[PDB]
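Have a look at the structure below before the remarks.
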Amino acid sequence: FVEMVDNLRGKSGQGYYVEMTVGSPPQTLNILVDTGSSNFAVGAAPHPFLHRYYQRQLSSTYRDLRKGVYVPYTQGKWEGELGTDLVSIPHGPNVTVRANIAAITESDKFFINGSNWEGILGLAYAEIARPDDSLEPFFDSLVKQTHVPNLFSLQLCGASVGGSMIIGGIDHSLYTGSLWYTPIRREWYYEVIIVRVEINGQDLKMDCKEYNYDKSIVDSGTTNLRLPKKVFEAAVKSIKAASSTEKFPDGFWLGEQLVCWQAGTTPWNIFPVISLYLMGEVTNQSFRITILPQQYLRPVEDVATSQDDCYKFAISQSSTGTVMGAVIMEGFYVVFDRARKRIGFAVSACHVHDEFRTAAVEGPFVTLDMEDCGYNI
Ligand SMILES: NC1=N[C@@]2(CO1)c1cc(NC(=O)c3ccc(Cl)cn3)ccc1Oc1cnc(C3=CCCOC3)cc12
């Protein structure tokens, strides 16, 4: 799959996009890769933030579904008009599919001023598609209309970011060691179950339901490791204790202010590793993924008012459950094995580390009562 390696680009804090084409003749657009939503939605009007936008009037293969879609979400909103057209991924498999496209005609806080993407590719399942599950997501259309296998994998490498989206397979040069798989609990978001959490090997010793209240998902469209409120408190308390050779203000831990060091002398050593144990493939079997401060202390570049190496604490509290965003995914090669309802993790060959510690995927471990860790209404 050499042709798909390095097909992702981006900038820090702005996410990862892939090149796509829509319509006939093909119109090229950069599209954010989002495993936490399920609509293919593209800018279709000249918003001033946009480098370009889908011009349906130029496409002979465009078909109008004569239907609108209104999509508020937690941090913004978009609105648009539904249709279908021919879509392809130049640095992806050599195919063209007829897919649903929402032509975005109005938005708020959706497009980012200064970003180089003009649309969003929701890779999750029909259950959370807008307006309803009858609007078949792109990846479903792709697999149904071609012989592309029903899986994809993401290597997100974290000021220009890069990575690979391998569509229909796995590229073994992108990771080291073995893949370890966790079941997709339910096909809506990429929902998984965290069974145990450690800070520097020290169990938080919470009831594991707390870790998945009310869900845990893998999400390339979020920067942070987001944790349920009670788990975040406990995590921060333990992280504070482990790093207490230096002290930092209460605002920092809340992501309300940054912290700065002299260039090339950030004290990585004083920050602990974070380990999430995930439900394994076998009864009573788990594995663990481990990230470094290099993943959860994220450098902020655009601080015009400062001169030093500044960082944001990128673990935060949530009311929507655990979100394994970029802070997790940048540690690993992640295989969204839809065909087998599972997600594979392996150590990423591009993850940022130091000479003393590296991100890790280890198993098998013996963990009982893993089914009780799931939340049910
Ligand atoms: N996963 C996720 N997708 C977001 C929110 O979180 C969404 C995320 C982003 N993400 C980023 O800009 C971004 C920034 C940095 C990094 Cl590392 C990743 N992504 C942008 C627009 C956007 O716009 C969205 C629009 N709609 C949704 C919906 C989710 C559930 C069903 O209804 C729509 C989600 C989203």
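Heavy-atom basis, side chains included; hydrogens, waters and symmetry copies ignored. All residue numbers in this chain count up from 1 along the given sequence. When a ligand or atom number is given, it counts from 1 through the structure's own listing order.
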Please state whether the rings of [X] and [Y] are parallel, tilted or perpendicular, taking 30° and 60° as the class boundaries.
X	Y	answer
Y175	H172	perpendicular
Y213	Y375	perpendicular
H47	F49	perpendicular

Taking only heavy atoms of [X], which atoms of ligand 1 are found under 4.0 Å from at least one of them?
X	answer
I128	31 (C)
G13	14 (C), 15 (C)
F110	21 (C), 23 (O)
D219	1 (N), 2 (C)
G15	14 (C), 15 (C), 16 (C), 17 (Cl), 18 (C)
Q75	5 (C)

Query - Residue portion contacting ligand 1 (non-hydrogen atoms closer than 4.0 Å) for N39 - result: neither
Query - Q14 and ligand 1 - part of the residue with a heavy-atom distance under 4.0 Å - result: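 Backbone only.
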**Report entry** ligand 1 to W117 polar contact by distance, N or O atoms, under 3.5 Å
**Finding:** no
Requested in this report: Could you tell me whether some N/O pair between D34 and ligand 1 is separated by less than 3.5 angstrom?
Outcome: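 Yes: some nitrogen or oxygen of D34 is under 3.5 Å from one in ligand 1.
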Requested in this report: Answer yes or no for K215 and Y189: cation-pi contact, defined as NZ/CZ to six-membered ring centre under 6.0 Å and angle to ring axis within 45°.
Outcome: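 Satisfied, under 6.0 Å and within 45°.
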Closest protein heavy atom (residue, atom, distance) for [atom]:
atom	answer
atom 30 (C) of ligand 1	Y189 OH, 3.8 Å
atom 23 (O) of ligand 1	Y73 CZ, 3.2 Å
atom 19 (N) of ligand 1	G221 O, 3.0 Å
atom 33 (C) of ligand 1	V71 CG1, 3.7 Å
atom 12 (O) of ligand 1	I112 CD1, 3.6 Å
atom 7 (C) of ligand 1	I120 CD1, 4.0 Å
atom 32 (O) of ligand 1	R130 NE, 3.2 Å
atom 20 (C) of ligand 1	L32 CD2, 3.6 Å

Can you tell me if [X] uses its side chain to pair, donor with acceptor, with the backbone of [Y] under 3.5 Å?
X	Y	answer
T223	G13	no
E127	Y125	no
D219	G36	yes

**Report entry** Presence of salt bridge, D337 and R342, under 4.0 angstrom
**Finding:**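 Salt bridge between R342 and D337, a charged N being under 4.0 Å from a carboxylate O: yes.
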Query raised in the report: Are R56 and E81 ion-paired here, with the side-chain N under 4.0 Å from a carboxylate O?
Result: yes
Query raised in the report: Does ligand 1 have any atom sitting under 4.0 Å from a heavy atom of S220?
Result: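 It does, in that a heavy atom of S220 comes within the 4.0 Å cut-off of ligand 1.
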Query - Single-linkage hydrophobic cluster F313~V300, side-chain heavy atoms < 4.5 angstrom - result: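 In one cluster with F313: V300, no.
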Query raised in the report: Would you say the SG of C310 sits less than 2.5 Å from the SG of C260?
Result: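 No.
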Report task. Inspect the surroundings of CD in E246 and state if more than 12 heavy atoms from other residues, nucleotides or ligands are less than 6.0 Å away. Result -> yes
Query raised in the report: Quick one: which of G122, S37, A326, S107 has a heavy atom closest to atom 34 (C) of ligand 1?
Result: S37
